[PDB]
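Peer 1: entry-v8.pdb is reproduced below (PDB, C-alpha atoms).
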ATOM      1  CA  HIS Q   1       0.000   0.000   0.000  1.00  0.00           C
ATOM      2  CA  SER Q   2       2.617   2.525   1.117  1.00  0.00           C
ATOM      3  CA  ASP Q   3       5.718   2.803  -1.067  1.00  0.00           C
ATOM      4  CA  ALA Q   4       7.734   3.973   1.938  1.00  0.00           C
ATOM      5  CA  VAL Q   5      10.330   1.222   1.536  1.00  0.00           C
ATOM      6  CA  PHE Q   6      10.887   2.259  -2.081  1.00  0.00           C
ATOM      7  CA  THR Q   7      11.644   5.891  -1.247  1.00  0.00           C
ATOM      8  CA  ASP Q   8      13.437   4.924   1.965  1.00  0.00           C
ATOM      9  CA  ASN Q   9      15.902   2.791   0.004  1.00  0.00           C
ATOM     10  CA  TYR Q  10      16.454   5.477  -2.631  1.00  0.00           C
ATOM     11  CA  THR Q  11      16.941   8.147   0.033  1.00  0.00           C
ATOM     12  CA  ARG Q  12      19.672   6.090   1.699  1.00  0.00           C
ATOM     13  CA  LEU Q  13      21.326   5.100  -1.581  1.00  0.00           C
ATOM     14  CA  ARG Q  14      21.401   8.746  -2.666  1.00  0.00           C
ATOM     15  CA  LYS Q  15      23.479   9.575   0.411  1.00  0.00           C
ATOM     16  CA  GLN Q  16      26.200   7.175  -0.731  1.00  0.00           C
ATOM     17  CA  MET Q  17      26.346   8.721  -4.203  1.00  0.00           C
ATOM     18  CA  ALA Q  18      26.097  12.239  -2.782  1.00  0.00           C
ATOM     19  CA  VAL Q  19      28.818  11.487  -0.233  1.00  0.00           C
ATOM     20  CA  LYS Q  20      31.380  10.885  -2.978  1.00  0.00           C
ATOM     21  CA  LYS Q  21      30.407  14.059  -4.835  1.00  0.00           C
ATOM     22  CA  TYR Q  22      30.627  16.155  -1.670  1.00  0.00           C
ATOM     23  CA  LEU Q  23      33.925  14.659  -0.504  1.00  0.00           C
ATOM     24  CA  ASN Q  24      35.208  14.774  -4.083  1.00  0.00           C
ATOM     25  CA  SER Q  25      34.428  18.475  -4.495  1.00  0.00           C
ATOM     26  CA  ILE Q  26      35.603  19.498  -1.026  1.00  0.00           C
ATOM     27  CA  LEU Q  27      38.984  17.834  -1.548  1.00  0.00           C
ATOM     28  CA  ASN Q  28      39.122  18.855  -5.211  1.00  0.00           C
ATOM     29  CA  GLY Q  29      39.960  22.321  -3.924  1.00  0.00           C
TER      30      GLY Q  29
END
Let's see the structure in the file written out as C-alpha cells.
Peer 2:
Amino acid sequence: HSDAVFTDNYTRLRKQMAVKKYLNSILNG
C-alpha cells in the first residue's frame, strides 16, 4: 500500500552517491 520502503531505500542510496560528490568536491579544492 505505502511505497515507503521504495523511497526509503532510494533516500539512503542517494546519500552514498552524494557522499562521494561532496567529498570529491571538497577535496578537489
Peer 1: One decimal, in Å: what's the spacing between CA of residue 3 (chain Q) and CA of residue 17 (chain Q)?
Peer 2: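 Distance reported for this atom pair: 21.7 Å.
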Peer 1: One number please: CA of residue 18 (chain Q) to CA of residue 5 (chain Q), in Å, one decimal.
Peer 2: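 Answer for the CA of residue 18 (chain Q) to CA of residue 5 (chain Q) separation: 19.7 Å.
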Peer 1: Kindly give the distance, in Å, that separates CA of residue 28 (chain Q) and CA of residue 10 (chain Q), rounded to a single decimal.
Peer 2: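 Distance between the two atoms: 26.4 Å.
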